[PDB]
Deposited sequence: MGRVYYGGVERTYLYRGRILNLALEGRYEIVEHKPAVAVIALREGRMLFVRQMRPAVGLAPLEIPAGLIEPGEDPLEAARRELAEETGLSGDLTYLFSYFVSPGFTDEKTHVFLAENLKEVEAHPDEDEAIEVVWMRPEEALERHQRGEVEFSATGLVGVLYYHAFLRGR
């Protein structure tokens, strides 16, 4: 386990013949209101475009997933709500340890008057994506699929 680089949000290490990128854990928040899902968009230098995502962010020191979920929802959309843990996933275990904890937010309230808030029906997000109009982040796709599977009724 030798380190070739230690950065702000990631470290580059070598474990045998395996190239490994250590990355802080993350959270993502799925929120539905009046049939629209709360997506967010922002320029992502890594991909040169703004994919459709859902409120998300890295967990800060001393913070647990639930608290991070609350903070990101508030900082990115100015909203607060009743959060429930859903499930988690490793974004790409073949090379990084980034783990994302996904939450559901209900009974949204505006607590606060670079990130674009994009309320959109999940059916419309899926269609636009299928048309090649917009790209998805893993969190955005997860939100869309979760909705079609458990939030239509």
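Several segments of the deposited sequence are absent from the coordinates, namely 1-10, 124-129, 170.
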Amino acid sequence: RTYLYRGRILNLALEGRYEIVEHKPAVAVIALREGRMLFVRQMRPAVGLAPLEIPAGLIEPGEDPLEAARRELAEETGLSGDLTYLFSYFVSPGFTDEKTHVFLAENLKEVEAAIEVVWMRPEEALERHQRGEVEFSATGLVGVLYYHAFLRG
From here on, numbers count along this sequence of modelled residues.
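Think of the rigid core as the biggest set of C-alphas that the two forms share within 1.5 Å after superposition.
Here the rigid core sets the fit, and in 6 other deposited structures of this protein the C-alphas of 104-112 stray farther than those of the other stretch, out of 90-98 and 104-112. Taking the PDB entry as given, 39-47 carries the higher mean Cα B factor of the two stretches 39-47 and 86-94. Set 122-130 against 95-103 and average the Cα temperature factors; 122-130 ends up higher.
Compared with the other modelled residues of the chain, the Cα B-factor recorded for residue 143 ranks in the lowest third. The deposited CA B-factor of residue 4 belongs to the highest third of values across its chain. Among the modelled residues of the chain, residue 61 sits in the middle third by CA temperature factor in this PDB entry. Sort the chain's modelled residues by C-alpha temperature factor and residue 111 lands in the highest third, per the entry.
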